[PDB]
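The block underneath contains the structure these notes are about, expressed in structure tokens.
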Amino acid sequence: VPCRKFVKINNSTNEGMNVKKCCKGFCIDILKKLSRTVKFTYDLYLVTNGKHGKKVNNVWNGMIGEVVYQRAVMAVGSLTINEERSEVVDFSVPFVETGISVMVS
Amino acid sequence: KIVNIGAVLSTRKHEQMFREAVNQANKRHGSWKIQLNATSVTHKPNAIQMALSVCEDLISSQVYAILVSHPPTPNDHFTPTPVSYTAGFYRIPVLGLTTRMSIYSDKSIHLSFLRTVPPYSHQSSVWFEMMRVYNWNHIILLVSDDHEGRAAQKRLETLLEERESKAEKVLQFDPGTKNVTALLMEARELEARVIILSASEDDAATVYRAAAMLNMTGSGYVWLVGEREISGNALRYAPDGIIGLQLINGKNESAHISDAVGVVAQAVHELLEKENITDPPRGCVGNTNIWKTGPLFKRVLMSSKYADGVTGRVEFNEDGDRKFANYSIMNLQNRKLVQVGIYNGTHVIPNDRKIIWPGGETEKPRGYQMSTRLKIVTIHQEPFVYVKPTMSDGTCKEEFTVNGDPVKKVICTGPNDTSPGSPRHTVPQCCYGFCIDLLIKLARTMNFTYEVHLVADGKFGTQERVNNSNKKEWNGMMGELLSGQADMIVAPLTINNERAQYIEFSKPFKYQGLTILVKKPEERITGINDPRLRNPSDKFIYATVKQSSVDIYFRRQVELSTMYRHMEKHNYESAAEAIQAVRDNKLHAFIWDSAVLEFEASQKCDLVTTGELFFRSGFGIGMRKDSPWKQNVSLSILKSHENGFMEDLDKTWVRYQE
């Protein structure tokens with residue numbers, strides 16, 4: 001499926017371009033099957049702020065900054081769940097069992 | 001070029017005002033040749049010959065609008081029905097003016113009846129506007145009148161469809177009785193305190209006296225009734241601080257008649273601008289043909305738009321009622337009616353008068369008393385629910401573990417055996433294990449006590465048609481939770497699609513898959529992909545628990561229905577029966593969860609699990625609907641997930657092997 005990415009030219013100006021790219025994988029298939037079942041219209045794009053989310057003096061970033069400040073509707077992509085994220089928004093039921101691990105030789 | 005208007009009116013002053021309004025109706029409409037004549041009739045103490053006199057006199061008069069304007073009728077039925085029915089025999093609109101019964105709301109029964117008053121269910125809409133102000137989400141409905149009770153519950157469900165919430169308890173029964181006190185004590189045990197009442201004066205006074213004998217006028221109780229429930233002896237039995245409603249100009253007869261004459265006159269002058277103007281003939285003698293422009297004139301009445309009147313704007317909707325009416329909100333300050341609010345078309349404005357409540361402060365009573373004593377139901381899980389009989393009387397033997405930790409048991413109440421073996425022998429014994437210590441951690445976390453009991457069977461609960469009335473019902477823990485006898489299913493409950501359609505869920509605590517219990521040539525099965533189990537025989541005996549969720553999960557999977565027709569011959573009641581049968585070499589395979597069979601393999605080394613790990617799902621805590629024990633409890637579960645308390649619970653039973 002197509003999406004956009006606001007890539008800036010330099011650090012001198014804040015002006016950038018919305019380069020359109022293609023996407024596939026797991027969550028893309030999940031979103032396509034949700035569009036098959038629910039039969040809605042979606043607005044898919046990418047975030048350019050950064051990672052998942054981190055509060056710096058009551059200011060969130062990334063997908064948390066997009067959803068909590070209501071610049072989007074929902075986060076379909078991958079996101080870890082802890083206490084304050086469940087405080088600020090309402091997660092759905094978990095579907096995949098993904099914990100943490102340590103890689104060694 | 002004449003239009004006749006019929007009315008049933010007794011007082012000569014309102015008849016003179018009616019004729020004056022008919023005479024002044026043609027004032028501002030120019031010098032057009034239309035004439036308006038009025039005919040009014042009185043009342044005979046009966047009702048059949050009254051219906052006869054009025055119906056044949058209005059057939060002989062050939063009127064177009066029929067009015068009934070008698071609020072002090074001696075009969076408490078308030079039925080102008082037969083004149084409206086006789087007009088509906090020829091499809092003639094009768095404009096009712098006094099009563100507000102919902103049985104007139106049916107346009108299928110009342111084909112040609114209109115009215116300029118709403119029914120009382122819209123008052124509940126105003127009470128739905130009470131839900132938009134004070135942030136209330138749980139109500140208690142009580143309707144005695146079965147004529148309007150289904151329509152009131154339908155309107156209530158239509159209003160709650162926007163929030164997608166449900167009422168906590170609804171009640172419909174026969175008016176005239178006095179024992180409703182047990183239902184009031186069951187409503188006392190509920191969390192909400194919102195009392196919504198829809199009955200006559202006798203049932204209202206009965207429930208007022210029943211609440212006064214039970215002393216239900218304390219703090220937190222919500223009292224909210226209408227104008228019918230504050231009259232007669234119900235006004236004498238009315239507790240103070242109650243919040244009631246008042247119809248602005250609902251009793252004011254003269255302005256209501258004048259507005260009705262204005263509506264009828266402007267509707268007639270709108271209808272005179274059209275062609276195909278038929279007339280109802282002399283239908284009393286030899287004329288049974290219907291009036292052909294019945295629904296046409298009804299549609300003319302559907303598009304009735306107005307901008308003038310004494311009170312406000314009048315317009316007929318899809319139900320034919322009056323919208324945007326101004327209401328009053330009264331309070332009973334020491335047996336005295338004090339106005340505390342006004343209501344616009346959709347908005348409530350309280351005035352500068354204080355809102356005096358029957359309990360404590362003048363603010364809103366937070367009448368959602370959450371369950372501080374949770375009726376905990378559970379099923380006998382073998383690695384999770386360890387049940388032991390007491391030593392002498394209700395005591396628990398405090399045995400110590402290998403880690404220096406005493407076992408924290410609980411006084412649970414459970415039966416001996418199944419219903420054919422032991423029908424009714426229920427004793428309190430000692431229960432402990434995984435979910436027991438989880439509930440102890442939850443009670444250490446939050447502000448509640450509890451009550452641990454068991455379930456009457458060894459089944460989770462399946463949806464099956466009961467033999468009468470052809471209705472699918474539940475049983476087991478779902479059958480006991482939805483019945484109100486339980487509060488929270490603390491059990492490794494199988495999370496699937498069908499259960500979440502009816503109740504709400506929490507975050508899962510257990511995460512595991514499916515496997516096969518065998519006994520140790522390939523003695524193993526390697527999961528479902530064994531071709532000898534795809535087409536089974538009498539050799540490889542694979543089975544499952546009777547009425548388990550695995551049976552429903554395989555019933556949805558229609559591609560392996562042969563396994564659905566094979567496990568039905570060997571359904572066992574409990575998993576301990578399966579362990580006893582596979583130890584004695586009567587079974588050969590058993591579909592079950594992973595970690596329970598891993599714990600049993602730690603118990604007995606001959607028990608071997610299979611290779612395939614499919615349906616990696618999660619087990620959580622069975623919950624009710626939208627409840628104050630949802631967010632706090634889920635945050636407590638997530639706090640238990642983030643720390644090493646799950647590892648501590650593994651150190652109790654899961655990680656330790658034998």
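Residues are referred to by chain and number: the chain letter is A, B, ... according to the order shown in the structure tokens, the number counts from 1 in that chain, and ligands are numbered separately from 1 in the order shown.
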
For residue 55 (chain A), list every protein, DNA or RNA residue within 12 Å, evaluated using only C-alpha atoms, and leave out those in the same chain fewer than 3 positions away; present the list as number ranges by chain.
A: 51-52, 58-65, 68, 84-85, 88

Taking only C-alpha atoms into account and nothing else, which residues of chain A lie no more than 9 Å away from chain B? Please answer as a short mmCIF file (atom, residue, chain, number, x, y, z; two decimals) with N, CA and C atoms, in the first residue's frame.
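So the final result, stored in iface36.cif, reads:
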```cif
data_model
loop_
_atom_site.label_atom_id
_atom_site.label_comp_id
_atom_site.auth_asym_id
_atom_site.auth_seq_id
_atom_site.Cartn_x
_atom_site.Cartn_y
_atom_site.Cartn_z
N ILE A 81 3.12 -1.67 25.55
CA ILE A 81 2.05 -1.24 26.43
C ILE A 81 2.57 -1.24 27.86
N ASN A 82 2.48 -0.09 28.52
CA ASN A 82 2.79 0.03 29.94
C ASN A 82 1.71 0.89 30.59
N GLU A 83 1.99 1.35 31.82
CA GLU A 83 0.96 1.95 32.67
C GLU A 83 0.49 3.30 32.12
N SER A 86 -1.43 3.23 28.86
CA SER A 86 -2.81 2.82 29.10
C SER A 86 -3.59 3.88 29.87
N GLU A 87 -2.90 4.81 30.53
CA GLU A 87 -3.58 5.94 31.15
C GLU A 87 -3.99 6.99 30.12
N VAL A 93 -7.67 -5.22 22.82
CA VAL A 93 -7.25 -6.50 23.37
C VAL A 93 -5.94 -6.90 22.69
N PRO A 94 -5.04 -7.58 23.39
CA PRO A 94 -3.81 -8.04 22.73
C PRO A 94 -4.07 -9.23 21.83
N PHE A 95 -3.37 -9.25 20.70
CA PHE A 95 -3.51 -10.31 19.71
C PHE A 95 -2.27 -11.16 19.54
N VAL A 96 -1.08 -10.58 19.69
CA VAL A 96 0.17 -11.31 19.53
C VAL A 96 0.91 -11.29 20.86
N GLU A 97 1.62 -12.39 21.15
CA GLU A 97 2.34 -12.56 22.41
C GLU A 97 3.80 -12.19 22.16
#
```

Among chain A, which ones does DSSP assign to strand (DSSP E or B) (computed from the backbone)? Answer as a VMD selection string.
chain A and resid 2 to 8 16 to 22

Identify all residues of region 321-519 of chain B in alpha helix (DSSP H) (DSSP on the backbone) and supply them as a PyMOL selection string.
chain B and resi 434-445+476-481+497-500

For region 199-207 of chain B, list every protein, DNA or RNA residue within 10 Å, evaluated using only C-alpha atoms, and leave out those in the same chain fewer than 4 positions away; present the list as a PDB file with N, CA and C atoms, in the first residue's frame.
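Contents of out.pdb, as written:
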```pdb
ATOM      1  N   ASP B  76     -60.542   7.051  35.393  1.00  0.00           N
ATOM      2  CA  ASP B  76     -59.093   7.160  35.364  1.00  0.00           C
ATOM      3  C   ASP B  76     -58.468   6.454  34.165  1.00  0.00           C
ATOM      4  N   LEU B 142     -38.189   1.155  36.704  1.00  0.00           N
ATOM      5  CA  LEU B 142     -39.308   0.496  37.368  1.00  0.00           C
ATOM      6  C   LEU B 142     -40.593   0.994  36.721  1.00  0.00           C
ATOM      7  N   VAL B 143     -41.224   0.140  35.919  1.00  0.00           N
ATOM      8  CA  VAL B 143     -42.460   0.477  35.221  1.00  0.00           C
ATOM      9  C   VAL B 143     -43.515  -0.556  35.585  1.00  0.00           C
ATOM     10  N   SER B 144     -44.659  -0.088  36.081  1.00  0.00           N
ATOM     11  CA  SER B 144     -45.789  -0.970  36.342  1.00  0.00           C
ATOM     12  C   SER B 144     -46.748  -1.047  35.162  1.00  0.00           C
ATOM     13  N   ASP B 145     -46.924   0.058  34.440  1.00  0.00           N
ATOM     14  CA  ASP B 145     -47.889   0.140  33.346  1.00  0.00           C
ATOM     15  C   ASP B 145     -47.361  -0.644  32.151  1.00  0.00           C
ATOM     16  N   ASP B 146     -47.981  -1.793  31.875  1.00  0.00           N
ATOM     17  CA  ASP B 146     -47.561  -2.631  30.762  1.00  0.00           C
ATOM     18  C   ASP B 146     -48.035  -2.103  29.413  1.00  0.00           C
ATOM     19  N   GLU B 148     -47.609   1.002  28.354  1.00  0.00           N
ATOM     20  CA  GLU B 148     -46.556   1.890  27.884  1.00  0.00           C
ATOM     21  C   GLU B 148     -45.161   1.414  28.265  1.00  0.00           C
ATOM     22  N   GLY B 149     -45.048   0.278  28.958  1.00  0.00           N
ATOM     23  CA  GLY B 149     -43.750  -0.152  29.457  1.00  0.00           C
ATOM     24  C   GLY B 149     -42.811  -0.616  28.361  1.00  0.00           C
ATOM     25  N   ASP B 174     -47.485  -6.520  37.420  1.00  0.00           N
ATOM     26  CA  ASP B 174     -48.914  -6.218  37.446  1.00  0.00           C
ATOM     27  C   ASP B 174     -49.186  -5.091  38.439  1.00  0.00           C
ATOM     28  N   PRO B 175     -49.819  -3.998  38.013  1.00  0.00           N
ATOM     29  CA  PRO B 175     -50.202  -2.946  38.962  1.00  0.00           C
ATOM     30  C   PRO B 175     -51.278  -3.412  39.933  1.00  0.00           C
ATOM     31  N   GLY B 176     -51.263  -2.799  41.118  1.00  0.00           N
ATOM     32  CA  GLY B 176     -52.214  -3.087  42.171  1.00  0.00           C
ATOM     33  C   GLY B 176     -51.646  -3.864  43.338  1.00  0.00           C
ATOM     34  N   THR B 177     -50.450  -4.427  43.199  1.00  0.00           N
ATOM     35  CA  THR B 177     -49.855  -5.221  44.261  1.00  0.00           C
ATOM     36  C   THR B 177     -49.155  -4.326  45.280  1.00  0.00           C
ATOM     37  N   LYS B 178     -48.680  -4.952  46.362  1.00  0.00           N
ATOM     38  CA  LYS B 178     -47.972  -4.242  47.420  1.00  0.00           C
ATOM     39  C   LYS B 178     -46.576  -4.775  47.712  1.00  0.00           C
ATOM     40  N   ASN B 179     -46.337  -6.085  47.630  1.00  0.00           N
ATOM     41  CA  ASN B 179     -44.979  -6.617  47.738  1.00  0.00           C
ATOM     42  C   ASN B 179     -44.189  -6.332  46.464  1.00  0.00           C
ATOM     43  N   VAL B 180     -43.438  -5.234  46.516  1.00  0.00           N
ATOM     44  CA  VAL B 180     -42.359  -4.945  45.584  1.00  0.00           C
ATOM     45  C   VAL B 180     -41.119  -4.680  46.422  1.00  0.00           C
ATOM     46  N   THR B 181     -41.218  -4.978  47.723  1.00  0.00           N
ATOM     47  CA  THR B 181     -40.159  -4.634  48.671  1.00  0.00           C
ATOM     48  C   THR B 181     -38.923  -5.506  48.492  1.00  0.00           C
ATOM     49  N   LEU B 184     -37.073  -3.997  45.766  1.00  0.00           N
ATOM     50  CA  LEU B 184     -36.374  -2.809  46.242  1.00  0.00           C
ATOM     51  C   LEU B 184     -35.129  -3.172  47.042  1.00  0.00           C
ATOM     52  N   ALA B 211     -40.514   2.324  50.285  1.00  0.00           N
ATOM     53  CA  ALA B 211     -39.201   2.916  50.498  1.00  0.00           C
ATOM     54  C   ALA B 211     -39.115   3.635  51.838  1.00  0.00           C
ATOM     55  N   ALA B 212     -40.239   4.153  52.340  1.00  0.00           N
ATOM     56  CA  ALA B 212     -40.240   4.790  53.650  1.00  0.00           C
ATOM     57  C   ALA B 212     -40.146   3.765  54.772  1.00  0.00           C
ATOM     58  N   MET B 213     -40.721   2.575  54.580  1.00  0.00           N
ATOM     59  CA  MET B 213     -40.563   1.525  55.580  1.00  0.00           C
ATOM     60  C   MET B 213     -39.157   0.939  55.560  1.00  0.00           C
ATOM     61  N   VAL B 225     -38.910  11.530  39.682  1.00  0.00           N
ATOM     62  CA  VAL B 225     -40.212  11.087  39.202  1.00  0.00           C
ATOM     63  C   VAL B 225     -40.854  12.215  38.399  1.00  0.00           C
ATOM     64  N   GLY B 226     -42.085  11.970  37.948  1.00  0.00           N
ATOM     65  CA  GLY B 226     -42.818  12.910  37.133  1.00  0.00           C
ATOM     66  C   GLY B 226     -44.018  13.508  37.845  1.00  0.00           C
ATOM     67  N   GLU B 227     -44.895  14.114  37.040  1.00  0.00           N
ATOM     68  CA  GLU B 227     -46.058  14.820  37.562  1.00  0.00           C
ATOM     69  C   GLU B 227     -47.166  13.869  38.007  1.00  0.00           C
ATOM     70  N   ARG B 228     -47.252  12.678  37.410  1.00  0.00           N
ATOM     71  CA  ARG B 228     -48.278  11.721  37.813  1.00  0.00           C
ATOM     72  C   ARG B 228     -47.984  11.115  39.179  1.00  0.00           C
ATOM     73  N   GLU B 229     -46.716  11.067  39.571  1.00  0.00           N
ATOM     74  CA  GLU B 229     -46.304  10.410  40.804  1.00  0.00           C
ATOM     75  C   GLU B 229     -46.262  11.356  41.997  1.00  0.00           C
ATOM     76  N   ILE B 230     -46.673  12.613  41.826  1.00  0.00           N
ATOM     77  CA  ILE B 230     -46.648  13.585  42.910  1.00  0.00           C
ATOM     78  C   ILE B 230     -48.050  14.132  43.157  1.00  0.00           C
ATOM     79  N   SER B 231     -49.065  13.315  42.887  1.00  0.00           N
ATOM     80  CA  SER B 231     -50.452  13.715  43.066  1.00  0.00           C
ATOM     81  C   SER B 231     -51.186  12.685  43.913  1.00  0.00           C
ATOM     82  N   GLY B 232     -52.252  13.136  44.572  1.00  0.00           N
ATOM     83  CA  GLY B 232     -53.059  12.266  45.403  1.00  0.00           C
ATOM     84  C   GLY B 232     -52.373  11.871  46.694  1.00  0.00           C
ATOM     85  N   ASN B 233     -52.511  10.599  47.083  1.00  0.00           N
ATOM     86  CA  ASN B 233     -51.828  10.113  48.277  1.00  0.00           C
ATOM     87  C   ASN B 233     -50.330   9.927  48.057  1.00  0.00           C
ATOM     88  N   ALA B 234     -49.884   9.874  46.798  1.00  0.00           N
ATOM     89  CA  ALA B 234     -48.453   9.861  46.515  1.00  0.00           C
ATOM     90  C   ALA B 234     -47.801  11.187  46.875  1.00  0.00           C
ATOM     91  N   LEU B 235     -48.545  12.291  46.776  1.00  0.00           N
ATOM     92  CA  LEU B 235     -48.056  13.569  47.279  1.00  0.00           C
ATOM     93  C   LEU B 235     -47.971  13.571  48.801  1.00  0.00           C
ATOM     94  N   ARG B 236     -48.903  12.886  49.466  1.00  0.00           N
ATOM     95  CA  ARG B 236     -48.843  12.758  50.918  1.00  0.00           C
ATOM     96  C   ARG B 236     -47.692  11.853  51.342  1.00  0.00           C
ATOM     97  N   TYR B 237     -47.417  10.812  50.560  1.00  0.00           N
ATOM     98  CA  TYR B 237     -46.332   9.881  50.835  1.00  0.00           C
ATOM     99  C   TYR B 237     -45.019  10.299  50.182  1.00  0.00           C
ATOM    100  N   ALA B 238     -44.930  11.529  49.687  1.00  0.00           N
ATOM    101  CA  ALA B 238     -43.746  11.966  48.963  1.00  0.00           C
ATOM    102  C   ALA B 238     -42.631  12.330  49.936  1.00  0.00           C
TER     103      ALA B 238
END
```

Could you list, as a count of residues only, every residue within 10 Å of region 5-21 of chain A, counting only C-alpha atoms and ignoring same-chain residues fewer than 3 positions away?
7

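In this comparison, which uses only C-alpha atoms, the residue of A:44, A:28, A:22, A:104 approaching residue 74 (chain A) most closely is A:44.
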
List as a count of residues only the protein and nucleic acid residues near residue 29 (chain B), meaning an atom at most 10 Å away when only C-alpha atoms are counted, but skip any in the same chain fewer than 6 places from it.
3
